[PDB]
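Q: Contents of upload26.cif (mmCIF, N, CA and C atoms and all ligand atoms) are given next:
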```cif
data_structure
#
loop_
_atom_site.label_atom_id
_atom_site.label_comp_id
_atom_site.auth_asym_id
_atom_site.auth_seq_id
_atom_site.Cartn_x
_atom_site.Cartn_y
_atom_site.Cartn_z
N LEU A 7 -8.81 8.11 20.51
CA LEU A 7 -7.38 8.03 20.04
C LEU A 7 -6.71 9.40 20.15
N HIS A 8 -5.39 9.42 20.28
CA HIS A 8 -4.70 10.70 20.27
C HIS A 8 -3.38 10.67 19.53
N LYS A 9 -3.02 11.85 19.04
CA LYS A 9 -1.81 12.04 18.26
C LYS A 9 -0.65 12.29 19.21
N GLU A 10 0.49 11.73 18.83
CA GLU A 10 1.77 11.89 19.55
C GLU A 10 2.84 12.29 18.56
N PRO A 11 3.86 12.99 19.06
CA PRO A 11 4.89 13.42 18.15
C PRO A 11 5.80 12.34 17.58
N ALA A 12 6.38 12.64 16.42
CA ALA A 12 7.47 11.87 15.86
C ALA A 12 8.23 12.71 14.83
N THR A 13 9.40 12.22 14.43
CA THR A 13 10.13 12.82 13.36
C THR A 13 10.51 11.75 12.34
N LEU A 14 10.70 12.17 11.10
CA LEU A 14 11.12 11.30 10.06
C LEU A 14 12.58 10.93 10.24
N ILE A 15 12.90 9.66 10.16
CA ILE A 15 14.28 9.21 9.99
C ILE A 15 14.51 8.91 8.55
N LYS A 16 13.69 8.04 7.94
CA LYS A 16 13.88 7.66 6.53
C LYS A 16 12.64 7.03 5.89
N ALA A 17 12.41 7.38 4.62
CA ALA A 17 11.40 6.73 3.80
C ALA A 17 11.80 5.31 3.56
N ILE A 18 10.81 4.41 3.41
CA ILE A 18 11.11 3.05 3.02
C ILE A 18 10.24 2.79 1.82
N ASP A 19 8.90 2.74 1.99
CA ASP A 19 8.04 2.59 0.83
C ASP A 19 6.62 3.16 1.06
N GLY A 20 5.64 2.74 0.26
CA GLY A 20 4.32 3.33 0.37
C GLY A 20 3.70 3.27 1.74
N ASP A 21 3.89 2.14 2.41
CA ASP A 21 3.15 1.95 3.69
C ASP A 21 4.08 1.67 4.89
N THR A 22 5.39 1.85 4.70
CA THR A 22 6.38 1.70 5.80
C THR A 22 7.39 2.83 5.75
N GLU A 23 7.86 3.20 6.92
CA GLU A 23 8.87 4.22 7.04
C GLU A 23 9.56 4.10 8.40
N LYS A 24 10.74 4.74 8.51
CA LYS A 24 11.49 4.81 9.75
C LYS A 24 11.24 6.15 10.40
N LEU A 25 10.68 6.14 11.63
CA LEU A 25 10.41 7.37 12.34
C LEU A 25 11.10 7.29 13.68
N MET A 26 11.36 8.45 14.26
CA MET A 26 11.76 8.51 15.68
C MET A 26 10.57 8.78 16.59
N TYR A 27 10.32 7.89 17.53
CA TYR A 27 9.12 7.96 18.40
C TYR A 27 9.57 7.71 19.82
N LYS A 28 9.16 8.63 20.70
CA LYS A 28 9.68 8.72 22.06
C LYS A 28 11.21 8.58 22.04
N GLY A 29 11.86 9.20 21.05
CA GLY A 29 13.32 9.27 20.97
C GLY A 29 14.08 8.03 20.48
N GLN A 30 13.33 7.02 20.04
CA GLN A 30 13.86 5.75 19.54
C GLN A 30 13.46 5.56 18.07
N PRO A 31 14.39 5.04 17.26
CA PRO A 31 14.12 4.72 15.86
C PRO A 31 13.20 3.48 15.77
N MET A 32 12.10 3.58 15.03
CA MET A 32 11.20 2.43 14.82
C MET A 32 10.77 2.38 13.36
N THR A 33 10.57 1.19 12.83
CA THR A 33 9.88 1.13 11.51
C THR A 33 8.38 1.10 11.82
N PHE A 34 7.62 1.97 11.15
CA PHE A 34 6.12 2.01 11.24
C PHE A 34 5.50 1.43 10.00
N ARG A 35 4.46 0.61 10.22
CA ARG A 35 3.57 0.11 9.18
C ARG A 35 2.22 0.78 9.34
N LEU A 36 1.73 1.39 8.27
CA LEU A 36 0.45 2.11 8.32
C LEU A 36 -0.70 1.15 8.56
N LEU A 37 -1.53 1.47 9.52
CA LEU A 37 -2.72 0.65 9.77
C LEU A 37 -3.68 0.72 8.59
N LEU A 38 -4.35 -0.41 8.35
CA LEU A 38 -5.59 -0.54 7.56
C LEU A 38 -5.41 -0.33 6.06
N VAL A 39 -4.16 -0.32 5.60
CA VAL A 39 -3.92 -0.09 4.21
C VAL A 39 -2.89 -1.07 3.67
N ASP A 40 -2.86 -1.15 2.33
CA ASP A 40 -1.86 -1.97 1.65
C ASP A 40 -1.46 -1.26 0.38
N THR A 41 -0.24 -0.76 0.35
CA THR A 41 0.36 -0.26 -0.89
C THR A 41 1.00 -1.42 -1.66
N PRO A 42 1.11 -1.27 -2.98
CA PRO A 42 1.87 -2.30 -3.74
C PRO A 42 3.33 -2.26 -3.32
N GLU A 43 4.03 -3.38 -3.40
CA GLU A 43 5.49 -3.36 -3.17
C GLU A 43 6.17 -2.53 -4.25
N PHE A 50 7.35 -1.99 -3.97
CA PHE A 50 8.05 -1.17 -4.96
C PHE A 50 8.18 -1.86 -6.34
N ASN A 51 8.39 -3.16 -6.34
CA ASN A 51 8.58 -3.90 -7.60
C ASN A 51 7.25 -4.12 -8.37
N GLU A 52 6.10 -3.86 -7.71
CA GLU A 52 4.77 -3.98 -8.33
C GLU A 52 4.25 -2.70 -8.96
N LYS A 53 3.20 -2.87 -9.75
CA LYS A 53 2.62 -1.77 -10.45
C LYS A 53 2.05 -0.77 -9.40
N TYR A 54 2.35 0.51 -9.62
CA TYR A 54 2.03 1.62 -8.68
C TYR A 54 2.82 1.60 -7.36
N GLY A 55 3.71 0.63 -7.17
CA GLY A 55 4.60 0.65 -6.00
C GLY A 55 5.48 1.87 -5.98
N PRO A 56 6.20 2.15 -7.08
CA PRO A 56 7.02 3.36 -7.07
C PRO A 56 6.24 4.66 -6.80
N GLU A 57 5.05 4.76 -7.37
CA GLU A 57 4.17 5.94 -7.21
C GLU A 57 3.74 6.07 -5.73
N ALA A 58 3.39 4.95 -5.14
CA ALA A 58 3.00 4.97 -3.69
C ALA A 58 4.16 5.42 -2.81
N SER A 59 5.34 4.84 -3.04
CA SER A 59 6.54 5.18 -2.30
C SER A 59 6.85 6.65 -2.45
N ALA A 60 6.72 7.17 -3.68
CA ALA A 60 6.96 8.62 -3.87
C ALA A 60 5.97 9.51 -3.14
N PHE A 61 4.69 9.15 -3.24
CA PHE A 61 3.63 9.84 -2.55
C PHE A 61 3.90 9.92 -1.02
N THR A 62 4.07 8.77 -0.38
CA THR A 62 4.38 8.72 1.06
C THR A 62 5.66 9.51 1.41
N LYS A 63 6.71 9.29 0.61
CA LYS A 63 7.98 10.00 0.85
C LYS A 63 7.79 11.51 0.87
N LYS A 64 7.12 12.01 -0.16
CA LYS A 64 6.90 13.43 -0.30
C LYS A 64 6.00 14.01 0.74
N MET A 65 4.98 13.25 1.15
CA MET A 65 4.05 13.78 2.11
C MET A 65 4.72 14.04 3.46
N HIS A 66 5.74 13.26 3.79
CA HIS A 66 6.44 13.48 5.06
C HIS A 66 7.57 14.48 4.93
N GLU A 67 8.23 14.49 3.79
CA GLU A 67 9.30 15.49 3.54
C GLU A 67 8.77 16.90 3.55
N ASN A 68 7.62 17.10 2.93
CA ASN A 68 6.96 18.39 2.90
C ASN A 68 6.34 18.84 4.22
N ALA A 69 6.13 17.94 5.16
CA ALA A 69 5.42 18.30 6.37
C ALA A 69 6.32 18.97 7.38
N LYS A 70 5.71 19.86 8.13
CA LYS A 70 6.38 20.48 9.24
C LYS A 70 6.30 19.65 10.48
N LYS A 71 5.19 18.93 10.64
CA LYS A 71 4.86 18.22 11.86
C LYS A 71 4.31 16.82 11.46
N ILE A 72 5.03 15.81 11.91
CA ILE A 72 4.64 14.40 11.76
C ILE A 72 4.09 13.92 13.11
N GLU A 73 2.97 13.18 13.09
CA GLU A 73 2.43 12.66 14.31
C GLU A 73 2.03 11.22 14.08
N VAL A 74 2.12 10.45 15.15
CA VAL A 74 1.58 9.08 15.15
C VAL A 74 0.41 8.91 16.07
N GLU A 75 -0.52 8.06 15.64
CA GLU A 75 -1.73 7.80 16.42
C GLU A 75 -1.97 6.29 16.45
N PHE A 76 -1.76 5.71 17.64
CA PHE A 76 -2.01 4.29 17.81
C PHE A 76 -3.51 4.07 17.95
N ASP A 77 -3.95 2.87 17.59
CA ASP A 77 -5.31 2.51 17.78
C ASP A 77 -5.45 1.89 19.17
N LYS A 78 -6.60 1.25 19.43
CA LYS A 78 -6.91 0.64 20.75
C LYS A 78 -6.21 -0.67 21.06
N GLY A 79 -5.66 -1.29 20.02
CA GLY A 79 -5.13 -2.61 20.06
C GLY A 79 -3.63 -2.68 20.05
N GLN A 80 -3.16 -3.77 19.51
CA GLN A 80 -1.74 -4.04 19.30
C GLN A 80 -1.03 -2.84 18.70
N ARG A 81 0.11 -2.46 19.26
CA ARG A 81 0.89 -1.30 18.79
C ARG A 81 2.08 -1.70 17.99
N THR A 82 2.44 -2.99 18.02
CA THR A 82 3.54 -3.46 17.17
C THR A 82 3.12 -4.75 16.55
N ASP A 83 3.54 -4.97 15.31
CA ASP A 83 3.22 -6.24 14.72
C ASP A 83 4.27 -7.32 15.08
N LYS A 84 4.02 -8.51 14.59
CA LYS A 84 4.98 -9.65 14.71
C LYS A 84 6.41 -9.45 14.19
N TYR A 85 6.62 -8.46 13.34
CA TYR A 85 7.90 -8.08 12.79
C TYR A 85 8.54 -6.91 13.56
N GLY A 86 7.92 -6.48 14.66
CA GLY A 86 8.43 -5.37 15.45
C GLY A 86 8.03 -4.00 14.91
N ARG A 87 7.19 -3.92 13.89
CA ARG A 87 6.81 -2.64 13.27
C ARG A 87 5.71 -2.04 14.07
N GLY A 88 5.82 -0.73 14.35
CA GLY A 88 4.78 -0.02 15.00
C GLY A 88 3.61 0.07 14.06
N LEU A 89 2.43 -0.09 14.59
CA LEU A 89 1.17 -0.02 13.83
C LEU A 89 0.42 1.24 14.20
N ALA A 90 0.29 2.16 13.24
CA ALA A 90 -0.30 3.45 13.51
C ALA A 90 -0.99 4.10 12.34
N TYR A 91 -1.80 5.11 12.67
CA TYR A 91 -2.20 6.13 11.74
C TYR A 91 -1.17 7.23 11.81
N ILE A 92 -0.67 7.67 10.66
CA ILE A 92 0.36 8.69 10.68
C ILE A 92 -0.21 9.94 9.98
N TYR A 93 0.08 11.12 10.55
CA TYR A 93 -0.43 12.43 10.08
C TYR A 93 0.74 13.32 9.69
N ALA A 94 0.59 14.00 8.57
CA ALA A 94 1.54 15.01 8.11
C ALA A 94 0.81 16.37 8.04
N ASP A 95 1.18 17.25 8.97
CA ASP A 95 0.47 18.52 9.20
C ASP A 95 -1.04 18.32 9.31
N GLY A 96 -1.45 17.37 10.16
CA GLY A 96 -2.84 17.10 10.48
C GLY A 96 -3.60 16.24 9.48
N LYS A 97 -2.98 15.95 8.35
CA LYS A 97 -3.57 15.14 7.27
C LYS A 97 -3.13 13.66 7.44
N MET A 98 -4.07 12.73 7.43
CA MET A 98 -3.68 11.31 7.63
C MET A 98 -3.12 10.75 6.37
N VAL A 99 -1.91 10.22 6.47
CA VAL A 99 -1.23 9.60 5.31
C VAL A 99 -1.99 8.37 4.83
N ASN A 100 -2.48 7.58 5.81
CA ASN A 100 -3.16 6.32 5.47
C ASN A 100 -4.40 6.66 4.57
N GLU A 101 -5.18 7.68 4.96
CA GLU A 101 -6.34 8.09 4.20
C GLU A 101 -5.95 8.67 2.86
N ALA A 102 -4.96 9.53 2.82
CA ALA A 102 -4.52 10.16 1.55
C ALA A 102 -4.10 9.17 0.53
N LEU A 103 -3.36 8.15 0.92
CA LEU A 103 -2.97 7.05 0.02
C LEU A 103 -4.23 6.37 -0.55
N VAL A 104 -5.19 6.06 0.30
CA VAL A 104 -6.40 5.36 -0.16
C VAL A 104 -7.18 6.27 -1.13
N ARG A 105 -7.25 7.54 -0.77
CA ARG A 105 -8.06 8.48 -1.57
C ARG A 105 -7.49 8.64 -2.96
N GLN A 106 -6.18 8.50 -3.09
CA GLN A 106 -5.50 8.63 -4.39
C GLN A 106 -5.39 7.34 -5.19
N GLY A 107 -5.98 6.27 -4.70
CA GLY A 107 -5.87 5.01 -5.42
C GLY A 107 -4.49 4.39 -5.35
N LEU A 108 -3.66 4.79 -4.38
CA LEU A 108 -2.30 4.24 -4.23
C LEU A 108 -2.20 3.18 -3.14
N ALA A 109 -3.29 2.99 -2.41
CA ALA A 109 -3.43 1.90 -1.45
C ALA A 109 -4.86 1.41 -1.39
N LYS A 110 -5.01 0.12 -1.12
CA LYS A 110 -6.28 -0.50 -0.79
C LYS A 110 -6.48 -0.57 0.72
N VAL A 111 -7.72 -0.49 1.18
CA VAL A 111 -8.08 -0.79 2.53
C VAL A 111 -7.82 -2.29 2.70
N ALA A 112 -7.16 -2.69 3.80
CA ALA A 112 -6.63 -4.05 3.95
C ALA A 112 -6.25 -4.29 5.38
N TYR A 113 -6.11 -5.55 5.78
CA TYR A 113 -5.55 -5.87 7.09
C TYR A 113 -6.36 -5.22 8.22
N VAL A 114 -7.68 -5.41 8.15
CA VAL A 114 -8.57 -4.77 9.05
C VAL A 114 -8.81 -5.83 10.10
N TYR A 115 -8.05 -5.74 11.16
CA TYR A 115 -8.17 -6.66 12.28
C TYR A 115 -9.02 -6.02 13.36
N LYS A 116 -9.85 -6.84 14.00
CA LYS A 116 -10.77 -6.37 15.08
C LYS A 116 -9.99 -5.72 16.22
N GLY A 117 -10.45 -4.60 16.75
CA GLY A 117 -9.69 -3.99 17.84
C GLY A 117 -8.60 -2.99 17.49
N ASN A 118 -8.06 -3.04 16.27
CA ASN A 118 -7.38 -1.91 15.65
C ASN A 118 -8.08 -1.49 14.33
N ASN A 119 -9.32 -1.09 14.38
CA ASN A 119 -10.04 -0.69 13.19
C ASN A 119 -10.81 0.60 13.36
N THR A 120 -10.41 1.47 14.29
CA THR A 120 -11.14 2.73 14.55
C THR A 120 -11.44 3.55 13.26
N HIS A 121 -10.47 3.70 12.37
CA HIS A 121 -10.71 4.56 11.19
C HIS A 121 -11.11 3.79 9.90
N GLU A 122 -11.60 2.55 10.03
CA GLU A 122 -12.00 1.72 8.86
C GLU A 122 -12.97 2.38 7.93
N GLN A 123 -14.05 2.91 8.51
CA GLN A 123 -15.09 3.35 7.63
C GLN A 123 -14.73 4.74 6.99
N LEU A 124 -13.91 5.54 7.65
CA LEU A 124 -13.31 6.73 7.03
C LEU A 124 -12.47 6.35 5.84
N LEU A 125 -11.65 5.30 5.98
CA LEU A 125 -10.83 4.92 4.86
C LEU A 125 -11.66 4.28 3.74
N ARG A 126 -12.67 3.49 4.09
CA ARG A 126 -13.48 2.84 3.09
C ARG A 126 -14.23 3.89 2.24
N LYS A 127 -14.60 4.99 2.88
CA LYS A 127 -15.22 6.09 2.12
C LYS A 127 -14.24 6.68 1.09
N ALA A 128 -12.98 6.84 1.48
CA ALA A 128 -11.95 7.31 0.57
C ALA A 128 -11.74 6.38 -0.59
N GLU A 129 -11.68 5.08 -0.27
CA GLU A 129 -11.52 4.06 -1.33
C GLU A 129 -12.64 4.12 -2.37
N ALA A 130 -13.87 4.26 -1.89
CA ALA A 130 -15.02 4.33 -2.79
C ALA A 130 -14.88 5.52 -3.73
N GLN A 131 -14.46 6.68 -3.21
CA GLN A 131 -14.22 7.86 -4.11
C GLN A 131 -13.09 7.66 -5.09
N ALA A 132 -11.98 7.04 -4.65
CA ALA A 132 -10.89 6.64 -5.53
C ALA A 132 -11.35 5.75 -6.65
N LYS A 133 -12.18 4.79 -6.29
CA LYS A 133 -12.66 3.82 -7.27
C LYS A 133 -13.57 4.49 -8.31
N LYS A 134 -14.46 5.35 -7.84
CA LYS A 134 -15.40 6.09 -8.72
C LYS A 134 -14.63 6.91 -9.71
N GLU A 135 -13.64 7.66 -9.21
CA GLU A 135 -12.71 8.42 -10.06
C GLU A 135 -11.75 7.59 -10.89
N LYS A 136 -11.79 6.26 -10.73
CA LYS A 136 -10.95 5.29 -11.42
C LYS A 136 -9.47 5.58 -11.27
N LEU A 137 -9.03 6.00 -10.07
CA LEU A 137 -7.64 6.50 -9.91
C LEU A 137 -6.67 5.39 -9.69
N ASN A 138 -5.52 5.53 -10.36
CA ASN A 138 -4.35 4.70 -10.17
C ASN A 138 -4.61 3.19 -10.14
N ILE A 139 -4.60 2.58 -8.95
CA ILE A 139 -4.92 1.16 -8.82
C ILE A 139 -6.33 0.80 -9.39
N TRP A 140 -7.28 1.71 -9.31
CA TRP A 140 -8.60 1.44 -9.83
C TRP A 140 -8.77 1.83 -11.33
N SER A 141 -7.68 2.06 -12.07
CA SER A 141 -7.76 2.50 -13.48
C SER A 141 -7.66 1.36 -14.48
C1 LIG A 201 -0.98 -3.78 8.51
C2 LIG A 201 -0.68 -4.98 9.38
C3 LIG A 201 0.10 -6.04 8.92
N1 LIG A 201 0.37 -7.12 9.68
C4 LIG A 201 1.17 -8.26 9.19
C5 LIG A 201 0.22 -9.20 8.42
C6 LIG A 201 1.03 -9.71 7.29
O1 LIG A 201 1.78 -10.92 7.69
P1 LIG A 201 2.56 -11.72 6.54
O2 LIG A 201 3.93 -11.05 6.33
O3 LIG A 201 2.66 -13.03 7.26
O4 LIG A 201 1.81 -11.72 5.28
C7 LIG A 201 2.03 -8.58 7.02
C8 LIG A 201 1.66 -7.70 5.88
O5 LIG A 201 2.47 -6.53 5.85
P2 LIG A 201 3.12 -5.97 4.52
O6 LIG A 201 1.94 -5.58 3.68
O7 LIG A 201 3.96 -4.81 4.94
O8 LIG A 201 3.91 -7.10 3.91
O9 LIG A 201 2.06 -7.84 8.19
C9 LIG A 201 -0.21 -7.22 10.96
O10 LIG A 201 0.06 -8.23 11.66
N2 LIG A 201 -0.98 -6.24 11.45
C10 LIG A 201 -1.26 -5.11 10.72
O11 LIG A 201 -2.01 -4.26 11.19
CA CA A 202 2.60 -3.53 1.16
#
```
Please express the file's structure as structure tokens.

A:
Amino acid sequence: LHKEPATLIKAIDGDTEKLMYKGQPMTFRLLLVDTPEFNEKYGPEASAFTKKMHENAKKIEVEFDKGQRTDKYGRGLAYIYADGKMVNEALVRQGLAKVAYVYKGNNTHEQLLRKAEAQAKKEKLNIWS
């Protein structure tokens, strides 16, 4: 897999955002994770976490997996990095997202994220509290 450039257009929520990629506005859905909706418990916290992680970053990058690059709703499916740190993993590590939606062929970073989830759970953080 490889990282490609992007810029932030707008925050949406814990696991979706509007980015500019190859010069076009797209909504991205983070691969392999599920944040609560804003109206659910820890939804606001997830949305804030994701929002801040991209606002604070100097360099946003997207990394597509081996499979489908857009979902049925037109959302780009990616791993997203903020100054080299994966947002998808950071959310899981903090108990603000569960590992989820692990479809065959776009699952390269599954076991990295599952390791993060296990540490979140042990620490009883957020969703695991
Ligand atoms: C993360 C992800 C979601 N989706 C689809 C499955 C779910 O369909 P349904 O809407 O039919 O439930 C939906 C979940 O996304 P959200 O968690 O953003 O709602 O997005 C994919 O198709 N591929 C993916 O990699
Ligand atoms: Ca969600």

Q: Nearest to ligand LIG 201 (chain A) among A:9, A:53, A:63, A:84, with distances taken over only C-alpha atoms and all ligand atoms: which residue is it?

A: A:84

Q: Using only C-alpha atoms, which of A:15, A:139, A:92, A:36 sits nearest residue A:113?

A: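 Among A:15, A:139, A:92, A:36, it is A:36 that comes nearest to residue A:113.
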
Q: Please identify all protein, DNA and RNA residues within 8 Å of ligand CA 202 (chain A), counting only N, CA and C atoms and all ligand atoms, and report them as a count of residues only.

A: 10

Q: With distances taken over only C-alpha atoms and all ligand atoms, which residue among A:128, A:89, A:14, A:32 lies nearest ligand LIG 201 (chain A)?

A: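 Selected residue with least distance to ligand LIG 201 (chain A): A:89.
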
Q: Can you tell me which residues sit at most 12 Å away from ligand LIG 201 (chain A), counting only C-alpha atoms and all ligand atoms, written as a CSV table (one decimal) with N, CA and C atoms, in the coordinates of the input?

A:
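Now in part-v4.csv:
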```csv
chain,number,residue,atom,x,y,z
A,18,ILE,N,10.8,4.4,3.4
A,18,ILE,CA,11.1,3.0,3.0
A,18,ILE,C,10.2,2.8,1.8
A,19,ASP,N,8.9,2.7,2.0
A,19,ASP,CA,8.0,2.6,0.8
A,19,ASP,C,6.6,3.2,1.1
A,20,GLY,N,5.6,2.7,0.3
A,20,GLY,CA,4.3,3.3,0.4
A,20,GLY,C,3.7,3.3,1.7
A,21,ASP,N,3.9,2.1,2.4
A,21,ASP,CA,3.2,2.0,3.7
A,21,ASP,C,4.1,1.7,4.9
A,22,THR,N,5.4,1.8,4.7
A,22,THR,CA,6.4,1.7,5.8
A,22,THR,C,7.4,2.8,5.8
A,23,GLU,N,7.9,3.2,6.9
A,23,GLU,CA,8.9,4.2,7.0
A,23,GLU,C,9.6,4.1,8.4
A,33,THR,N,10.6,1.2,12.8
A,33,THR,CA,9.9,1.1,11.5
A,33,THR,C,8.4,1.1,11.8
A,34,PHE,N,7.6,2.0,11.2
A,34,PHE,CA,6.1,2.0,11.2
A,34,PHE,C,5.5,1.4,10.0
A,35,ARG,N,4.5,0.6,10.2
A,35,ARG,CA,3.6,0.1,9.2
A,35,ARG,C,2.2,0.8,9.3
A,36,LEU,N,1.7,1.4,8.3
A,36,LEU,CA,0.4,2.1,8.3
A,36,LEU,C,-0.7,1.2,8.6
A,37,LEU,N,-1.5,1.5,9.5
A,37,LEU,CA,-2.7,0.6,9.8
A,37,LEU,C,-3.7,0.7,8.6
A,38,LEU,N,-4.4,-0.4,8.4
A,38,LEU,CA,-5.6,-0.5,7.6
A,38,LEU,C,-5.4,-0.3,6.1
A,39,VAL,N,-4.2,-0.3,5.6
A,39,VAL,CA,-3.9,-0.1,4.2
A,39,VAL,C,-2.9,-1.1,3.7
A,40,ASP,N,-2.9,-1.2,2.3
A,40,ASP,CA,-1.9,-2.0,1.6
A,40,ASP,C,-1.5,-1.3,0.4
A,41,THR,N,-0.2,-0.8,0.4
A,41,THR,CA,0.4,-0.3,-0.9
A,41,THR,C,1.0,-1.4,-1.7
A,42,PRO,N,1.1,-1.3,-3.0
A,42,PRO,CA,1.9,-2.3,-3.7
A,42,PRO,C,3.3,-2.3,-3.3
A,43,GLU,N,4.0,-3.4,-3.4
A,43,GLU,CA,5.5,-3.4,-3.2
A,43,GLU,C,6.2,-2.5,-4.2
A,50,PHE,N,7.4,-2.0,-4.0
A,50,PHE,CA,8.0,-1.2,-5.0
A,50,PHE,C,8.2,-1.9,-6.3
A,55,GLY,N,3.7,0.6,-7.2
A,55,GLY,CA,4.6,0.6,-6.0
A,55,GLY,C,5.5,1.9,-6.0
A,76,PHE,N,-1.8,5.7,17.6
A,76,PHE,CA,-2.0,4.3,17.8
A,76,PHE,C,-3.5,4.1,18.0
A,77,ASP,N,-4.0,2.9,17.6
A,77,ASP,CA,-5.3,2.5,17.8
A,77,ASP,C,-5.4,1.9,19.2
A,78,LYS,N,-6.6,1.2,19.4
A,78,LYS,CA,-6.9,0.6,20.8
A,78,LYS,C,-6.2,-0.7,21.1
A,79,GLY,N,-5.7,-1.3,20.0
A,79,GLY,CA,-5.1,-2.6,20.1
A,79,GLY,C,-3.6,-2.7,20.0
A,80,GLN,N,-3.2,-3.8,19.5
A,80,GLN,CA,-1.7,-4.0,19.3
A,80,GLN,C,-1.0,-2.8,18.7
A,81,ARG,N,0.1,-2.5,19.3
A,81,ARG,CA,0.9,-1.3,18.8
A,81,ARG,C,2.1,-1.7,18.0
A,82,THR,N,2.4,-3.0,18.0
A,82,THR,CA,3.5,-3.5,17.2
A,82,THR,C,3.1,-4.8,16.6
A,83,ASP,N,3.5,-5.0,15.3
A,83,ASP,CA,3.2,-6.2,14.7
A,83,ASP,C,4.3,-7.3,15.1
A,84,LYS,N,4.0,-8.5,14.6
A,84,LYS,CA,5.0,-9.6,14.7
A,84,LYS,C,6.4,-9.4,14.2
A,85,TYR,N,6.6,-8.5,13.3
A,85,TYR,CA,7.9,-8.1,12.8
A,85,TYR,C,8.5,-6.9,13.6
A,86,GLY,N,7.9,-6.5,14.7
A,86,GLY,CA,8.4,-5.4,15.4
A,86,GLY,C,8.0,-4.0,14.9
A,87,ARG,N,7.2,-3.9,13.9
A,87,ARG,CA,6.8,-2.6,13.3
A,87,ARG,C,5.7,-2.0,14.1
A,88,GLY,N,5.8,-0.7,14.4
A,88,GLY,CA,4.8,0.0,15.0
A,88,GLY,C,3.6,0.1,14.1
A,89,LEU,N,2.4,-0.1,14.6
A,89,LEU,CA,1.2,0.0,13.8
A,89,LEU,C,0.4,1.2,14.2
A,90,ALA,N,0.3,2.2,13.2
A,90,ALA,CA,-0.3,3.4,13.5
A,90,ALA,C,-1.0,4.1,12.3
A,91,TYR,N,-1.8,5.1,12.7
A,91,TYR,CA,-2.2,6.1,11.7
A,91,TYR,C,-1.2,7.2,11.8
A,100,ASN,N,-2.5,7.6,5.8
A,100,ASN,CA,-3.2,6.3,5.5
A,100,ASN,C,-4.4,6.7,4.6
A,109,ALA,N,-3.3,3.0,-2.4
A,109,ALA,CA,-3.4,1.9,-1.4
A,109,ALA,C,-4.9,1.4,-1.4
A,110,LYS,N,-5.0,0.1,-1.1
A,110,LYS,CA,-6.3,-0.5,-0.8
A,110,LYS,C,-6.5,-0.6,0.7
A,111,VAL,N,-7.7,-0.5,1.2
A,111,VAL,CA,-8.1,-0.8,2.5
A,111,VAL,C,-7.8,-2.3,2.7
A,112,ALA,N,-7.2,-2.7,3.8
A,112,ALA,CA,-6.6,-4.0,4.0
A,112,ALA,C,-6.2,-4.3,5.4
A,113,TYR,N,-6.1,-5.6,5.8
A,113,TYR,CA,-5.6,-5.9,7.1
A,113,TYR,C,-6.4,-5.2,8.2
A,114,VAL,N,-7.7,-5.4,8.2
A,114,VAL,CA,-8.6,-4.8,9.0
A,114,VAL,C,-8.8,-5.8,10.1
A,115,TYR,N,-8.0,-5.7,11.2
A,115,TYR,CA,-8.2,-6.7,12.3
A,115,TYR,C,-9.0,-6.0,13.4
A,116,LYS,N,-9.8,-6.8,14.0
A,116,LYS,CA,-10.8,-6.4,15.1
A,116,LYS,C,-10.0,-5.7,16.2
A,117,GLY,N,-10.4,-4.6,16.8
A,117,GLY,CA,-9.7,-4.0,17.8
A,117,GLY,C,-8.6,-3.0,17.5
A,118,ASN,N,-8.1,-3.0,16.3
A,118,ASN,CA,-7.4,-1.9,15.6
A,118,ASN,C,-8.1,-1.5,14.3
A,119,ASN,N,-9.3,-1.1,14.4
A,119,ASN,CA,-10.0,-0.7,13.2
A,119,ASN,C,-10.8,0.6,13.4
A,120,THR,N,-10.4,1.5,14.3
A,120,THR,CA,-11.1,2.7,14.6
A,120,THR,C,-11.4,3.6,13.3
A,122,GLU,N,-11.6,2.6,10.0
A,122,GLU,CA,-12.0,1.7,8.9
A,122,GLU,C,-13.0,2.4,7.9
```

Q: By how many Å are atom N of residue A:98 and atom CA of residue A:51 apart?

A: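 So the two atoms, atom N of residue A:98 and atom CA of residue A:51, lie 25.7 Å apart.
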
Q: For stretch 79-84 of chain A, which lacks atoms in the input, supply N, CA, C and O atoms and format the output as a PDB file, in the frame of the given file.

A:
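Written output follows (selection_1.pdb):
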```
ATOM      1  N   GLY A  79      -5.660  -1.290  20.020  1.00  0.00           N
ATOM      2  CA  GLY A  79      -5.130  -2.610  20.060  1.00  0.00           C
ATOM      3  C   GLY A  79      -3.630  -2.680  20.050  1.00  0.00           C
ATOM      4  O   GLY A  79      -2.908  -1.821  20.557  1.00  0.00           O
ATOM      5  N   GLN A  80      -3.160  -3.770  19.510  1.00  0.00           N
ATOM      6  CA  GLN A  80      -1.740  -4.040  19.300  1.00  0.00           C
ATOM      7  C   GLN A  80      -1.030  -2.840  18.700  1.00  0.00           C
ATOM      8  O   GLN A  80      -1.495  -2.313  17.654  1.00  0.00           O
ATOM      9  N   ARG A  81       0.110  -2.460  19.260  1.00  0.00           N
ATOM     10  CA  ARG A  81       0.890  -1.300  18.790  1.00  0.00           C
ATOM     11  C   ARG A  81       2.080  -1.700  17.990  1.00  0.00           C
ATOM     12  O   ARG A  81       2.647  -0.851  17.294  1.00  0.00           O
ATOM     13  N   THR A  82       2.440  -2.990  18.020  1.00  0.00           N
ATOM     14  CA  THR A  82       3.540  -3.460  17.170  1.00  0.00           C
ATOM     15  C   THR A  82       3.120  -4.750  16.550  1.00  0.00           C
ATOM     16  O   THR A  82       2.375  -5.507  17.122  1.00  0.00           O
ATOM     17  N   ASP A  83       3.540  -4.970  15.310  1.00  0.00           N
ATOM     18  CA  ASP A  83       3.220  -6.240  14.720  1.00  0.00           C
ATOM     19  C   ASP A  83       4.270  -7.320  15.080  1.00  0.00           C
ATOM     20  O   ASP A  83       5.277  -7.075  15.700  1.00  0.00           O
ATOM     21  N   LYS A  84       4.020  -8.510  14.590  1.00  0.00           N
ATOM     22  CA  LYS A  84       4.980  -9.650  14.710  1.00  0.00           C
ATOM     23  C   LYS A  84       6.410  -9.450  14.190  1.00  0.00           C
ATOM     24  O   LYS A  84       7.306 -10.250  14.567  1.00  0.00           O
TER      25      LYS A  84
END
```
